[PDB]
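Order of writing sets the chain letters: A, B, C, D and E. Residues in each chain are counted from 1.
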Amino acid sequence: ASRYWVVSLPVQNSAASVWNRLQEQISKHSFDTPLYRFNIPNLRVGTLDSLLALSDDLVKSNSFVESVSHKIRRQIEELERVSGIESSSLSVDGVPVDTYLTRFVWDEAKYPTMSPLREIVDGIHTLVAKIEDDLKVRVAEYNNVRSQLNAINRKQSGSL
Amino acid sequence: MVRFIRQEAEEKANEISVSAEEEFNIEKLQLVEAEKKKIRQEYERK
Amino acid sequence: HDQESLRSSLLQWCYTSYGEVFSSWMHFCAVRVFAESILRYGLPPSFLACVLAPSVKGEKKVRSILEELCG
Amino acid sequence: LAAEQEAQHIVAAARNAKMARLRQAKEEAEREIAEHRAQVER
Amino acid sequence: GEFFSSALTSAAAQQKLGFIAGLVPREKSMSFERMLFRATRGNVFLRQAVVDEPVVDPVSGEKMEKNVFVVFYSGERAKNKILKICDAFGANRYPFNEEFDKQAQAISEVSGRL
């Protein structure tokens, strides 16, 4: 599949024509750039030490996201019958890739707690790990089924 | 920068103090419950 | 036949879990927006970046625009 | 600096003054206990 | 001790923080700014020398352009990476007292011992 491709810029460092022009009316329209975003801040933020800890844990979070992406792109596609879930069917946070990447509404109470995210990030990471574990269980079931496949019928067709 | 760190330190100190005060109130409720129990015991003895 | 069904029905549940993982990745990107905001700005979460999969030319133009905060 | 003044005695003052809230809780507990004791004695 | 009046003023102008006292060679200017962006975050202040004289290594008298510097750490979590950055600098690094007079006295005592 596709790895992470999000840009990095705070509110005070918008690259558009105006500070609020990042969402729309930016020069990216002239270049046909598909960039889109919508603010969704948390209830509160941690201290400087908490910020540094979150930055350190972001590496592990990205590694887990990459592992989940690799599992989803490999196990489903290799079966030649599981890749039928399109972007709308596999919509992120209930919105397709057109709208999922244009907003951060996934920060609601489902994976995080809509609260200081120092531990909410870890909780969401644990939830994603559980989802990836379920996907791995499904992949193991598919492997056992393939073991059931290529059964005694794989031998000769008789008189051999 | 530093002002944001100032707010976080004050907010953490304020929340900790409020939690400590609530815990002290709960401890006081338990203490008055124990005092009422022992007062009932001594009244029954009398 | 059971293996084919699992690749079509149980693996349909696997694809649903993949969509859930995509939702989790969207949440991770939302968290990373605030992480970058804290890293290169004040503590409160506030970001004006964007997330997409653009071409090389578009990314180069975005980098040229944002060179005021280059890495 | 400003951060040093923020992490200075400004917060430790409230941390120590939490003992005042604890003392108020103890005082109200004692008052309630004394009132209950007076009522039961009466 | 020089930073006790320079780095302190820089931090006051830019404003709990850690002490990043130590050293950073004349070639460590890029690593102090281009690198360690996650930890410093641009809100910290630092005072550094240009290695005006060849500073002897902590275990070698051959010396080099090992300028010494003192900075502010953005908490212990960021100080963990700041210590690694200072170790990567590999100059004549040694912590000193916060007070300018005490730091100068420590420098004089170390020079006399040397």
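Here is the rule we go by: a contact is a pair of C-beta atoms (placed from the backbone, for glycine too) under 8 Å apart; a residue touches a chain by one contact, two chains touch by 3 or more.
Student: How short can a path of touching chains from chain D to chain E be, counted in steps?
Tutor: Minimum number of steps from chain D to chain E: 1.
Student: For the chain pair with the highest number of C-beta contact pairs, give its two chain identifiers.
Tutor: After counting contacts between each pair of chains, the winner is A-C.
Student: Distance between chain B and chain C based on Cα centroids, please, to the nearest Å.
Tutor: 45
Student: Any idea how many Å lie between the Cα centroids of chain C and chain D?
Tutor: 49
Student: Measuring centre to centre with CA averages, how many angstrom lie between chain A and chain E?
Tutor: Each chain reduced to its C-alpha mean, chain A and chain E end up 41 Å apart.
Student: Indicate the residues of chain E shared as contacts by at least two other chains.
Tutor: 14-16, 38, 41
Student: At least two other chains touched by the same residue of chain B: list those residues.
Tutor: 1-3, 5, 8-9
Student: Can you list the chain D residues in contact with two or more other chains?
Tutor: Touching at least two other chains: 1-3, 6-7.
Student: Chain pairs in touch?
Tutor: Once each pair is checked, the touching ones are A-B, A-C, A-E, B-C, B-D, B-E, C-E, D-E.
Student: Of all residues in chain B, which touch chain C in the complex?
Tutor: Those residues of chain B that touch chain C are 1, 4-5, 7-8.
Student: Which of the residues in chain A end up touching chain C in this complex?
Tutor: 2, 4-16, 19-20, 22, 27-28, 31-37, 39-42, 44-48, 51, 54-55, 58, 61-62, 65, 68-69, 71-72, 75-76, 79-85, 89-94, 100-101, 104-107, 110-112, 117, 120-121, 124-125, 127-128, 131-132, 134-135, 138-139, 141-142, 145-146, 148-149
Student: Help me check something: in the complex, which residues belonging to chain E touch chain D?
Tutor: Touch residues, chain E against chain D: 8, 11-12, 14-17.
Student: Per the contact definition, I'd like the list of chain B residues that touch chain A in the complex.
Tutor: 5, 8-9, 11-12
Student: Under the touch definition given earlier, write down the residues of chain A that touch chain E in their complex.
Tutor: Contact set of chain A toward chain E: 47-53, 55-56.
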